[PDB]
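Descriptive structure summary
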Amino acid sequence: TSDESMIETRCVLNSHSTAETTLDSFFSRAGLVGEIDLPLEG
Amino acid sequence: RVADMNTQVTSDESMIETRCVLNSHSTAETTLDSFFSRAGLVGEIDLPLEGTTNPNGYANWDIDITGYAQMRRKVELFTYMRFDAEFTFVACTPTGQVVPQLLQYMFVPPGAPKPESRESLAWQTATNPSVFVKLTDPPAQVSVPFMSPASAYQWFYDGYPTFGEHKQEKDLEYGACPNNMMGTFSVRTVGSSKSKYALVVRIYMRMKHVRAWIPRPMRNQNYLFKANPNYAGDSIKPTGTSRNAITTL
Amino acid sequence: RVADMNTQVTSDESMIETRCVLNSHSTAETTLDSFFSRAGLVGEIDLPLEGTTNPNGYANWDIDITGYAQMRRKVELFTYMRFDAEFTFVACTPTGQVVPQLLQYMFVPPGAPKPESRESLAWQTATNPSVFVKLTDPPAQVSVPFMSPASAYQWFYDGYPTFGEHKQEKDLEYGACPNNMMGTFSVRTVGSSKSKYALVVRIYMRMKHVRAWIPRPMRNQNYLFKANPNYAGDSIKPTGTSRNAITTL
Ligand SMILES: CCCCCCCCCCCCC/C=C/[C@H](O)[C@H](N)CO
Ligand SMILES: CCCCCCCCCCCCC/C=C/[C@H](O)[C@H](N)CO
């Protein structure tokens, strides 16, 4: 509850960016989605 | 209700008589962005064919740049040190040969699963930053940001990470600030079967946008262990060369 | 950079129907300056001829107004109580006779020497406030200020005066606030030889400019010891009279 109704708080300047929790940050990372085998004798 | 709540005609002047000297001498090469933005060897990864070091074609190199004396002494001139890093990986045969082998560098941040094998499912790198590159390609260069939870990296941590009583079994935790260990750098040969080439991955790291804070004395003793200021006590050498007498050179 | 540093037409109205009543009823007699500015017996001093109480013609009465139940219960309605006192001393024979005897009342504040005899050198009263008066004279009346180091007198002191561990031998110090003990009230017969009259000095004390703060429950038990809320545990009586049954009167 925004830390105010539970404890006494000081002023904190939250220069904490939320840009890394976006979908374009959480999902724009290449991951293995397919492996194709082209063997010689298999 | 309480009210209590450039030489001109010790700056060379007080010691000798001086002429006017126009000092067009730039200080731009002594900056941190000049002294530290030079890539140095911070890691070497061995992927041999018959050796017992990394025989399965994969290796998990814990990110610790204090493994080589040159760059370790360079960065250990300070304690607190915030920078972005240009990481370069020069993969080659132990004979120096450039073999047609495909490798997968993978940055494994703390908490991410370290691969237990060459064909591990952690190599799918759906969220981990990973590099796919051949040895015939030029060395893989990546820009690594300042990733520490702290405001700067900390080559000297006078303290312990955890609480509780610190016995001799937990004495290895001294100086190990987890603001500096940033997971492992995982290398594999991308394939089900064992690679036919012995491989050496040399990590060269160049720090950009460097900020460093607290200068300490340099390292005048031989480094022995990574992230450890331990020195050979029975072979302490002086900071420099010696003289047969003080009245002579 | 932080920003954190008189009845008219429950006031008789919600229960019954009321008429308008002009309440010209003064509240001036229920004030502290009305309830407490009445002199009461706070001390009796015996100076007999053959008794062992004060046989030498002098007495040192420690100032403690909790010696008589009426005024003690009056003032003990509160804890904190700041006032100036009108002290009256009615000296007489134990038979009530008014004898031609000269007495010396002497206020001995804490630190001042208590007289060890009738002819003590403390009776020179060069700094101590002292009263010289005959028994044939009217009772000696003096205005005593508010002399406490505290902001009010304190008939109940929930604590100890000194520090350190409080054993059973030091248990008598409980409730003894030295903001209230104001030395002794010393009486003598002014003379080298023993007075020929048995004497009784009755201290009557009237408090003026009274300020009292914290009302407590009154005293519903019999007082036993001065400056002590001790009660007879095996003979605890109720606050009032009893009834044979609750459905009857
Ligand atoms: C795709 C590869 C990405 C590589 C990411 C590398 C992370 C760079 C972090 C470098 C910061 C210092 C690392 C550790 C510091 C020291 O060696 C010791 N812990 C302190 O003595
Ligand atoms: C010339 C005679 C002067 C007489 C001076 C008398 C001083 C008056 C001080 C009265 C204040 C209270 C005295 C003590 C209070 C209580 O009896 C107990 N200490 C508390 O229970």
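What the entry reports as its method is cryo-EM, with 2.7 Å given for the resolution.

With that settled, the discussion passes to a nonpolar patch on the surface. Taken together, the side chains of A:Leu23, A:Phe26 and A:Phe27 make up a nonpolar region of the molecular surface, amounting to roughly 370 Å² of accessible area. Take A:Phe26: it is sitting in helix α1 (residues 23–26).

On to the interface of chain B and chain A. Reports often express the size of an interface as the amount of accessible area lost when the parts come together. Taken together, the contacts link five residues of chain B with five residues of chain A. Of the roughly 430 Å² buried at the junction of chain B and chain A (both faces included), carbon and sulfur atoms supply 49%. Among the residues of chain B in contact with chain A, B:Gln124, B:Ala126 and B:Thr127 are the three that bury the most area, contributing 79% of the side total. Taken together, chain B and chain A are joined by zero salt bridges. Scanning the region where chain B abuts chain A turns up two residue pairs in polar contact. Looking at side-chain class alone, the side of chain B that touches chain A contains two nonpolar, three polar and no charged residues.

Once that is clear, we can look at the site of ligand 2. All names here are of chain C. Near ligand 2 you find 14 residues, and of these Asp 64, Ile 65, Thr 66, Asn 180 and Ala 227 are the closest. Within the backbone of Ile 65, a nitrogen or oxygen atom sits 2.8 Å from an oxygen atom of ligand 2. Within the contact set of ligand 2, an oxygen atom lies 3.3 Å away from a backbone nitrogen or oxygen of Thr 66. Protein chains bury 97% of the 610 Å² of accessible surface belonging to ligand 2 in isolation. Considered class by class, the residues forming the shell around ligand 2 number eleven nonpolar, two polar and one charged.

For the rest of this paragraph, the subject is the sheet that holds strand β5 (residues 130–134) of chain C. Residues and elements named next belong to chain C. Pairing is antiparallel across the open sheet formed by four strands, whose spatial order is β2-β8-β4-β5. Single-partner strands in this sheet number two, and they are β2 (58–62) and β5. Shown here is a sheet whose adjacent strand axes are inclined to one another by a mean of 20 degrees, direction ignored. As paired strands, strand β4 (residues 102–108) and β5 are joined by five bridges and run antiparallel to one another. The partner of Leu 102 across the bridge, within β5, is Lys 134.

Right, let's get into the pattern of salt bridges. Tallied over the full model, the rule gives six salt bridges over all chains. Two residues, B:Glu86 and B:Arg206, come together in a salt bridge whose shortest N-O distance is 2.5 Å. Note that B:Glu86 is positioned in strand β3 (residues 80–92) and B:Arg206 in strand β9 (residues 199–212), a separation of 120 residues in sequence. Classification of B:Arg206 as partly exposed rests on a relative accessible area of 22%. Salt-bridge contacts for C:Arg72 lead to C:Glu76; the nearest nitrogen and oxygen are separated by 2.9 Å.

Moving on to the nonpolar core. Looking at soluble globular proteins, one finds that nonpolar side chains tend to be buried together. Counting 40 residues, the largest nonpolar core has C:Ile45, C:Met81, C:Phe83, C:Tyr105, C:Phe185, C:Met205 and C:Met207 as the members making the most contacts within it. Looking at this core, the elements with two or more residues in it are β1 (40–47), β2, α2 (69–75), β3 (80–92), β4, β6 (140–144), β8 (184–189) and β9 (199–212) of chain C. Here the element with the most residues in this core is β9(C); it accounts for seven residues. Among all residues touching C:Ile45, those that are not within four sequence positions of it are C:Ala59, C:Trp61, C:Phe185, C:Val187, C:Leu199, C:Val200, C:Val201 and C:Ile203. Of all hydrophobic cores here, the second largest spans 39 residues; its members include B:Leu103, B:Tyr153, B:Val187 and B:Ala212.

Conventions and cut-offs
Residues numbered from 1 in each chain as written, not as in the entry; some residues may be left out. Chains lettered and ligands numbered in written order. Part of a larger assembly, values for the part shown. Heavy atoms only, no water. Patch = residues over 30% accessible without salt bridge, like charges linked within 9 Å, V, L, I, M, F, W, Y side chains within 5 Å. Areas by Shrake-Rupley, 256 points an atom, 1.4 Å probe, with all protein chains shown as cover. Salt bridge = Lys/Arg side-chain N within 4 Å of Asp/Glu carboxyl O. Helix = DSSP H or I, 4+ residues; strand = E, 2+ residues; numbered from the N terminus. Contact = heavy atoms within 4.5 Å. Buried area = accessible area lost by both parts, 1.4 Å probe. Polar contact = N/O pair within 3.5 Å; in protein donor to acceptor, adjacent residues only side chain to side chain. Nonpolar A, V, L, I, M, F, W, Y, C, P; charged D, E, K, R; others polar. Near = heavy atom within 4 Å. Pairing = 2+ DSSP bridges. Axes fitted to C-alpha atoms, helices over the stretch in contact; angles between N-to-C directions. Buried < 20%, exposed > 50% of the residue type's maximum accessible area, 1.4 Å probe, protein only. Core = buried A, V, L, I, M, F, W, Y, C linked by side-chain atoms within 4.5 Å.

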